[PDB]
Structure formats: structure tokens, C-alpha cells
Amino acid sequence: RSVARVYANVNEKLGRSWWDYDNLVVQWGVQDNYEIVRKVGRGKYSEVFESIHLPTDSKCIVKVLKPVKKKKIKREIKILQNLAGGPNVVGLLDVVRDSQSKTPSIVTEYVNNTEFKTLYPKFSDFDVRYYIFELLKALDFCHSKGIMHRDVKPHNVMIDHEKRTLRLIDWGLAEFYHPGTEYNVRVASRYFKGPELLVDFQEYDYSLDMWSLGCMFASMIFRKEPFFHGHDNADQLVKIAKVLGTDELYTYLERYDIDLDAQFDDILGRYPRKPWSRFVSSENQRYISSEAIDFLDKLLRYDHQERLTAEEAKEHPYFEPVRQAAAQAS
């Protein structure tokens, strides 16, 4: 019913030793070599602390996983171990657990982040091309390793603006891509869910991350957080329908033999396609260009098979200032 456009081969050609995370045996580190300092974050199934690796006296993050659907834990570790040394991927420092409760924590590198609602409006046009390009690099890399993040959003993109460095964090929803597998559609956060998640299409792939990327980008360049602001998962598809149009939605459903649920009968009207230019304002115009609008337009497509691959999106003209800038640095 759907195979991915790129990278479908990858987990087949890499071994079972690459994707079979149930049979991973975790060599736990020493829990007592870490000291938790201060709370820096929380989560659905987690709490995150700034911490010190005592033997080196260094800053790090400790993320205490509170589920024990225990192979979901092995999955996140296996993906972090697999993606090691990948451009712009969080560094994995250790896995430890409490000897008595066997509650596990993941220890990652600390990144001095500015929260995006503060940080994003301080970006220049070049910043945005620059930090999206660095993020594309993380996404492309893991996609080329047969992994889907499935929770791309600002909250999982730590940015040290003074160091001009980017890390993609939170691989708790990351899963391996196997052709034809019916994955869970209850992934990602509401405002970044793809149309495929919202219409219960299960045979998705790495292109889900690109729709999410486009949601991020759209809120950066139009200065509208979140760009799609549905009150629930059904209203989420209505608020996307008001932009992209109901005509191209119906062609997409027919193209994939998706039967929209009956609840949408009363809530989904006929919507014309709103051009991207109607989101241009004076306050957000600094970010606007033809290259940008064109690039957003190839991210945010009902049909996931119409979206740019991360590799393709790096090739885009929008990013040429970033490419040539790095080339002249070299």
C-alpha cells in the first residue's frame, strides 16, 4: 500500500543486528557516578535533569524514563547507539538505572538551549536557512540509517545560538522503517502530525518527518506558532484543510483508498486553497522570499510521496546562501 521513495532497502541491507532492538542487551553504567542537579524539563513518560558526571565533573543531561513497556526503552537506546557520530544528533553518554526499582535513565550531552518562542523571533533570514539546513542534516542521516524520528518539533531541536550548533533530541518515538509495516499513527505531537496520522493511514515512512519539519518552518517564517492550531486531532485536519484545500485532500484520499471517518462529515466543509502569500505580514516579512515559499510548498503536501526528501531539500535554492557560505569558510 506504500513503500518509501528512498532508503527502503536500508534495514534489509544492514543486518538484523542493526534493527532487532528486542534482543539488545544493555550494558548499564554506574548510576551512582551521576549526580542530578536541577530540573530542566518534563515529559509524558520522562523527567529530564541537568546533572554532573562526577568522575569527570562535567555537565550532562539525565532523562529518567518512567514507562516500562521495556522494549520501547531498548528501541530508543538502540537508535541512539546506531546514530552515534551522526551530524547534529544528541550524543549518548551512558545508560544507567536504579538497582532497586530498575527504572532506567538515558544520559546525553548538555546543550545550552534557548527556548524557541524566545529564540526563533531573534533569527535573521540567514539564521533560518542555516538552522533548518543543520536540522535537515540530522534528518537525512538517520533516514539513511533506516530510522524515523516521528516527533520532529521545536521542543526536540536544541539550539545553542552563540555556538551556532544544533542537536535533534528525544528519540523516544523513533522507530525503524520496514517496508509495508503498519506503524502506530498515535505518534508526533498534534500540531506536527501528518495528514497520514490524522486519517489513520498506517503504512507511512520517513516522509512523515518532512511534514513536521514544514510545520516548524512555516511557524518560523510566518511567525505563527503553531502554524496549524487544531483543538483536537479532528480539528487538526480541518485547520490543514483550510490552507491546503479540500479538493487536493479528496484526490489524495482516493489515491490511497483511504475512507475518511464519518465524524468529519459535519466538520469538514469545502475549502479553497489559501495561497501561501496570504500569510505574508509586515512583522514576518523579513523571512519571506520566493525560494522560501517554494520550499515550504514542497514540504507540506497531503501525499507524503509528494514531499521532498531531506537529501533533496538540502539541494534546494533556498539553502544556496548556506552552502556557498560554508564553501567560502573552507
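Sequential numbering from 1, following the sequence displayed.
Among the other PDB entries of this protein that were compared and that flank it with modelled residues, residue 296 is modelled in all, so it is never left out in a third of them. Residue 68, present in the displayed chain, goes without coordinates in a third or more of the other PDB entries compared that cover both sides of it. Higher mean CA temperature factor between 256-264 and 196-204: 256-264, per the PDB entry.
Averaged over their C-alpha atoms, the temperature factors of 304-312 and 9-17 are higher for 9-17. When the C-alpha B factors of 178, 150, 71, 145 are read from the deposited coordinates, the top value falls at 71. Considering 292, 40, 62, 299 together, the PDB entry gives 40 the largest C-alpha B factor. Residue 234 sits in the highest third of its chain by CA B factor, as recorded in the PDB entry.
When all modelled residues of the chain are sorted by CA temperature factor, residue 246 is found within the middle third. Sorting the modelled residues of the chain by their CA temperature factor places residue 34 in the middle third. In the deposited entry, the Cα temperature factor of residue 219 sits in the middle third of values across the chain's modelled residues. In the PDB entry, residue 26 places in the highest third of its chain by CA B-factor.
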